[PDB]
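As structure tokens, the structure follows; a few thoughts come after it.
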Amino acid sequence: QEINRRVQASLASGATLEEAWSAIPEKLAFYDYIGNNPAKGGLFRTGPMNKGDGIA
Amino acid sequence: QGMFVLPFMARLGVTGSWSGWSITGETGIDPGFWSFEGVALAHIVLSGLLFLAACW
Amino acid sequence: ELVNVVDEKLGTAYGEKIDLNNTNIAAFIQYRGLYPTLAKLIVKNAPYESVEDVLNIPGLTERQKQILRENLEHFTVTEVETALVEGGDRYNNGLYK
Amino acid sequence: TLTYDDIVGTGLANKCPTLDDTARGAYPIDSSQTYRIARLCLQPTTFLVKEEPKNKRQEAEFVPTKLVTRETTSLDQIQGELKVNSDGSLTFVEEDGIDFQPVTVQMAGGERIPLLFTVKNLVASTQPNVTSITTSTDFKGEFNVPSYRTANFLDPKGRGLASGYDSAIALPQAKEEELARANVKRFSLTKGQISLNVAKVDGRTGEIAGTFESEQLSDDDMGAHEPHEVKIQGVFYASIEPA
Amino acid sequence: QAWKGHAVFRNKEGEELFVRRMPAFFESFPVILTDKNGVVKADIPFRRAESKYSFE
Ligand code: CLA
Ligand code: CLA
Ligand SMILES: CC1=C(/C=C/C(C)=C/C=C/C(C)=C/C=C/C=C(C)/C=C/C=C(C)/C=C/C2=C(C)CCCC2(C)C)C(C)(C)CCC1
Ligand SMILES: [Ca+2]
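Chains as they are written, first to last, in the authors' numbering: chain A, 282 to 337; chain B, 58 to 113; chain C, 8 to 104; chain D, 4 to 246; chain E, 338 to 393.
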């Protein structure tokens with residue numbers, strides 16, 4: 282929702298689609314990814330999140 | 058292959074497996090009971106019988 | 008290099024129309040007058056170089072040719088795909104309801 | 004002549020009819036008439052698999068195997084036209100029948116080799132100038148060998164060609180490149196070769212029998228691994244009649 | 338997996354050269370090639386500045 286809000290405001294201020302999306306911080310985008318959702322794990326899937334999907 | 062007991066079985070005439078192979082590279086041989094597996098099983102059963110005798 | 012040939016085939020006319028060379032026989036139920044009599048002759052006499060070659064099946068009645076002509080627009084032909092025609096899958100593709 | 008209840012459970016149902024030793028005759032071929040094989044039966048007795056060569060690139064041999072799928076191996080009730088050619092040769096064109104069996108044999112050491120033992124779409128021809136079929140007649144031909152599993156078959160993870168997942172769903176964020184060969188099912192279609200050596204002929208009835216040798220690829224598990232080369236040996240029976 | 342075959346080394350003059358084999362004592366061993374009479378004809382030098390027997 283926040284990503285889409287920032288993109289729309291960029292588009293409304295005359296940015297191209299490329300510019301609007303390029304203005305989204307990587308850090309914000311990374312929160313909007315299910316591999317960072319704490320309810321996606323397993324009891325015996327041990328270790329860092331990086332051990333699963335990898336080091337982002 | 059780091060085989061230690063296999064050569065001792067082979068030295069005295071145990072050369073085949075129940076699964077059909079022989080250490081000389083033959084196929085479709087029937088080793089009878091005294092395959093490597095039969096030898097192993099005989100030793101396990103002997104172990105058990107000696108264990109019981111020890112208790113007595 | 009590796010391709011699922013059935014998924015690939017969905018990107019051709021096979022995915023848009025009844026492919027006389029590949030499509031399972033139940034598909035002919037979609038239009039008036041094709042199933043089961045024409046459906047059987049079409050599958051039995053495949054493959055076809057063109058849709059209009061379906062009109063040349065030996066033994067067709069005059070009425071059958073008319074019905075076929077009315078439905079040429081719903082037909083296509085693509086290369087025979089082994090995966091779709093083996094196993095008698097054109098007669099029963101393991102799909103029911 | 005035996006009934007179903009005579010045969011049921013004996014293993015006889017998987018054997019081809021035989022002809023007696025007296026059947027060393029000749030069956031006249033009239034190039035003006037049409038002919039058909041009313042019943043072709045193929046009964047394998049031996050399955051040999053070509054060993055995957057160590058790396059010497061020397062002679063890789065066909066080795067014996069153990070059948071593990073029981074008396075379920077024979078091809079039968081096969082029919083088709085028997086053409087008489089310009090040169091006096093005969094050509095059998097297989098049209099229909101029970102012309103395939105899945106078969107699993109086991110190599111020494113445990114490796115199981117599934118194959119679709121088959122003569123699907125067999126076209127087999129004799130030598131020229133076959134005025135009569137005798138114990139010198141033979142057929143040589145090619146046949147199709149389609150994928151052992153057909154397009155709907157789903158692997159233990161639910162992946163398939165015409166149905167199923169197209170990825171390894173249990174490894175959601177795995178890199179997909181190294182799993183492509185497992186994820187993308189492919190349908191094999193290759194050729195096999197067969198010789199039928201006529202050993203016995205009933206000139207009166209038009210029944211022939213003898214031995215066969217066929218060569219074909221085994222299962223490749225929808226493109227997941229390399230097939231093995233298989234040699235199948237056995238006996239056959241065929242009944243020839245004016246069409 | 339497989340024998341590569343027997344390697345025969347030759348110099349520019351076409352004389353056969355023979356690699357000196359490693360004795361069991363040595364964890365590492367230099368690469369020295371001699372003619373049939375044991376005369377040094379080629380080697381892999383350590384110091385290059387005064388090399389006379391390099392393969393090059
Ligand atoms: C509050 C406790 C707690 C929590 C929440 C964590 C959390 C974490 N640790 Mg830490 N840690 C702890 C205490 C804890 N730790 C203790 C006490 C030690 C010393 C052993 C450590 C040493 C440690 C190391 C060396 C590592 C971690 C790592 C991690 C991460 C991965 C955890 C994992 O894979 O668990 C797996 C959990 C399980 C598989 C659950 C165990 C369930 C047990 C076996 C059940 C027992 C049942 C019982 C026997 C039944 C009895 C029945 C009877 C009554 C009848 C995670 C951030 C990893 C990491 O990524 O670090 C950077 C890592 O490498 N931890
Ligand atoms: C019951 C009879 C029996 C038989 C037929 C076998 C057979 C076998 N065993 Mg088993 N074994 C047995 C009982 C038996 N075992 C018992 C009771 C034990 C527990 C001690 C073992 C423990 C055992 C081990 C640890 C191993 C075997 C192994 C083997 C294989 C190789 C044998 C070998 O090289 O011997 C070699 C034996 C000798 C060289 C004997 C030496 C005799 C000395 C020198 C005698 C000196 C004293 C004498 C009194 C001197 C005077 C002599 C006089 C004539 C002048 C063979 C399949 C091998 C194997 O392949 O395992 C899978 C192996 O590693 N066995
Ligand atoms: C001849 C021969 C052989 C050999 C053999 C042998 C070597 C044997 C043995 C054996 C044995 C080695 C035996 C044994 C045994 C035993 C026993 C019989 C036991 C027992 C027991 C008991 C009875 C006990 C009891 C008890 C308990 C359990 C607990 C506590 C209490 C009491 C004490 C009560 C062979 C194979 C080469 C081949 C061919 C021939
Ligand atoms: Ca013959």
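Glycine included, C-beta positions come from ideal geometry on N, C-alpha and C.
Item to check | contact_flag[the stretch 154-172 of chain D, the stretch 130-138 of chain D] where n(CB pairs < 8 Å) is 3 or more | outcome: The stretch 154-172 of chain D, when compared against the stretch 130-138 of chain D, does not touch it at the 8 Å Cβ threshold.
Item to check | Whole-number beta carbon distance between D:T76 and D:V52, since they are thought to touch under 8 Å | outcome: 15 Å between Cβ atoms; not a contact.
Checklist entry - Is there a Cβ from chain D that is less than 7 Å from the Cβ of residue 16 of chain B? => result With chain B represented from 58 up to 113, any question about residue 16 of chain B goes unanswered, as that position is not in the structure.
Next on the checklist: What would DSSP say about D:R27, mapped onto helix, strand or coil?
Outcome noted: In the structure shown, D:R27 falls within a strand segment according to DSSP collapsed to helix, strand and coil.
Checklist entry - Based on Cα-Cα distance, which residue from D:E145, D:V233, D:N155 lies nearest to D:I197? => result The residue with the shortest Cα to Cα distance from D:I197 is D:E145.
Next on the checklist: For D:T49 and D:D224, I'd like the C-alpha separation in whole angstroms.
Outcome noted: Distance between the alpha carbons of D:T49 and D:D224 is about 23 Å.
Next on the checklist: So, with DSSP's three-state summary, where would you put B:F93?
Outcome noted: If DSSP states are grouped into helix, strand and coil, B:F93 belongs with the helices.
Next on the checklist: Just checking: is the beta-carbon of A:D313 within a distance shorter than 7 Å of some beta-carbon in chain D?
Outcome noted: It does not; no Cβ of chain D falls within 7 Å.
Next on the checklist: Give the residues whose C-beta lies closer than 5 Å to at least one heavy atom of ligand 2, in chain order.
Outcome noted: A distance filter of 5 Å between CB atoms and the heavy atoms of ligand 2 selects the following residues in sequence order: B:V62, B:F65, B:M66, B:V96.
Next on the checklist: Once DSSP output is grouped into helix, strand and coil, what is the label at A:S291?
Outcome noted: Per DSSP, reduced to three states, the secondary structure at A:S291 is helical.
Checklist entry - Could you give the C-beta distance for D:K123 and D:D99, rounded to a whole number, given that I count them as a contact under 8 Å? => result No, D:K123 and D:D99 are not in contact; Cβ-Cβ is about 10 Å, not under 8 Å.
Next on the checklist: Determine, for B:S76, whether the minimum Cβ-Cβ distance to residues of chain D falls below 7 Å.
Outcome noted: Closer than 7 Å to some Cβ of chain D, the Cβ of B:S76 qualifies, so yes.
Item to check | Cutoff 6 Å; reference D:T193; Cβ partners in own chain excluding five residues on either side | outcome: Correct list, in chain order: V148, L220.
Item to check | First through last residue of the beta strand (DSSP E) which encompasses D:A127 | outcome: Following the DSSP letters along the chain, one finds D:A127 inside the beta strand (DSSP E) bounded by residues 126-128.
Checklist entry - Whose CB is closer than 6 Å to a heavy atom of ligand 4? List the residues in chain order. => result Working through the chain, the matches are D:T138, D:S139, D:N200, D:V201, D:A202.
Next on the checklist: Nearer than 6 Å: is that true of the beta carbon of B:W113 relative to any heavy atom of ligand 3?
Outcome noted: Within the cutoff, so yes.
Item to check | C:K72, DSSP secondary structure in three states | outcome: Of the three classes helix, strand and coil, the one that applies to C:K72 here is helix, per DSSP.
Checklist entry - Does any C-beta atom of chain D lie closer than 7 Å to the C-beta of C:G101? => result Yes - at least one Cβ of chain D is within 7 Å of the one on C:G101.
Checklist entry - With which residues is D:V108 paired in a DSSP beta bridge? => result Beta-bridge partners of D:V108 (DSSP): D:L70, D:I116.
Next on the checklist: For D:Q176, would you say it is in contact with chain A, using Cβ-to-Cβ distances shorter than 7 Å as the test?
Outcome noted: At a cut-off of 7 Å between beta-carbon atoms, D:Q176 makes contact with chain A.
Next on the checklist: Could you check if B:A110 belongs to the surroundings of ligand 3, using beta carbon to heavy atom distance under 6 Å?
Outcome noted: Residue side-chain check: B:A110 places its Cβ nearer than 6 Å to a non-hydrogen atom of ligand 3.
Item to check | Environment of ligand 1 in chain order, Cβ to heavy atom below 7 Å | outcome: Every residue whose beta carbon comes nearer than 7 Å to a heavy atom of ligand 1 appears here in chain order: A:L324, A:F325, A:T327, A:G328, A:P329.
Item to check | Residue environment, D:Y7, which counts as buried when at least 16 other CB atoms sit within 10 Å | outcome: So D:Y7 ends up on the exposed side.
Item to check | Buried/exposed call for C:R97, threshold 16 Cβ in 10 Å | outcome: The residue in question, C:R97, is buried, as its Cβ has 16 or more Cβ neighbours within 10 Å.
Item to check | B:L106: CB within 6 Å of a non-hydrogen atom of ligand 3 | outcome: In this structure, ligand 3 has a non-hydrogen atom nearer than 6 Å to the beta-carbon of B:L106.
Checklist entry - Which whole runs of the alpha helix (DSSP H) in the stretch 20-104 of chain C are 4 residues long or more, in chain order? => result Listed in chain order, they are 44-52, 69-78, 89-92.
Item to check | chain D residues whose Cβ lies nearer than 8 Å to that of A:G333 | outcome: Per Cβ cutoff of 8 Å: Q176.
Checklist entry - Nearest to D:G195 by CA position, among D:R27, D:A41, D:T121, is which residue? => result Minimum Cα distance to D:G195 is reached at D:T121.
Checklist entry - So, is the C-beta of D:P149 closer than 7 Å to a C-beta in chain C? => result Yes, because at least one Cβ of chain C sits closer than 7 Å to the Cβ of D:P149.
Next on the checklist: Closer than 8 Å is the cut-off here; do at least three beta carbon pairs connect the stretch 49-63 of chain C with the stretch 19-34 of chain C?
Outcome noted: Taking a cut-off of 8 Å for Cβ pairs, the stretch 49-63 of chain C and the stretch 19-34 of chain C touch, as three or more such pairs fall below it.
Checklist entry - Which partner residues does D:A63 have in the DSSP bridge list? => result Paired residue(s): none; D:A63 is not in a bridge.
Next on the checklist: Looking at the secondary structure, which residues open and close the alpha helix (DSSP H) in which D:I10 lies?
Outcome noted: The continuous alpha helix (DSSP H) containing D:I10 extends over residues 7-10.
Item to check | Cβ of C:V87 within 7 Å of any chain D Cβ | outcome: So, not an interface residue.
Checklist entry - At least one CB of chain C closer than 7 Å to the CB of D:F120: is that the case? => result Cβ-Cβ to chain C under 7 Å: no for D:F120.
Checklist entry - Among D:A246, D:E180, D:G213, which has the Cα closest to the Cα of D:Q236? => result The option with the nearest alpha carbon to D:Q236 is D:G213.
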